[PDB]
Each structure stands twice: as structure tokens, then as C-alpha cells.
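# Experimental structure and sequence below, a few questions after.
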Number of protein chains: 2
Amino acid sequence: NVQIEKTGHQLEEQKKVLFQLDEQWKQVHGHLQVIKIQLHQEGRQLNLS
Amino acid sequence: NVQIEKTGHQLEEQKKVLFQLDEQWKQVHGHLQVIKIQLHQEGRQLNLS
């Protein structure tokens, strides 16, 4: 039981950390998606990757 | 005791975050200095700021 409670507390901590990391990850992902959208819009005409 | 355990976990998490941030800070500073020295070397040949 002691190990179970200790692991439960650790799990809550890591859940918090994971949520904040995903917040940051999705911010960066949104920025990158917008930038790729713009690049493809302005780079549409060219036959170039 | 419960609060002590919880805050010890929190302190360790923040310590991990601080260490990671200082690592990225060191890396960025190294790259910044490399870029600065290269810029000065390649710009000194011309009488420009």
C-alpha cells in the first residue's frame, strides 16, 4: 500500500508535467502549421519542393 | 509528512526543469558566440558596422 500511494503521487506529478509539455508542443505545432500553410500559399506556383 | 513528500517531488521537478533550461542556455550561448566571431571575421574586411 505504501508503494501504491507513493506511485500514485508520482503519477499525478508526471501527469502535470506531461500536460504542460503537450501545451508547449501544440503551441509550436500550431505556429509551424501556419508557417507551412503560408509557405505553400506563396510557393504554390513553382514546380519546386 | 504528506505535504513534505509532495513538495519534495515538486522541488525535484523544478530542479530538472532548471537544469534543462540552463543546458539549452549554454548551447544557445555557444552558438551565438560562434556566429558572432564568424560575423566579425567576415565583416572586418569591409569598413562597416
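Yep, it's here. Residues are numbered from 1 along each chain as shown, chains lettered A, B, ... in the order given.
# In chain A, what residue lies closest to chain B?
Nearest to chain B in chain A, going by Cβ to the nearest Cβ, is residue A:13, at a distance of 5.0 Å. C-beta here means a position set from N, CA and C on the backbone, and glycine is covered the same way.
# If you drop the residues flanking it in sequence, what lies closest to that residue?
Once flanking residues are discounted, residue A:13 sits nearest to residue B:9: 5.0 Å by Cβ to Cβ, 6 or more residues apart in numbering or on different chains.
# could you say which helix or strand contains the one you found?
Assigned by DSSP states H and E, residue B:9 belongs to helix B:2-44.
# Can you give me the neighbour number for the residue nearest to residue A:13?
Using other Cβ atoms under 10 Å in any protein chain shown, residue B:9 is surrounded by 16 other residues.
# Please look at it and residue A:11 and confirm they touch.
No: contact criterion Cβ atoms under 8 Å: residue B:9 and residue A:11 do not qualify, at 10.8 Å.
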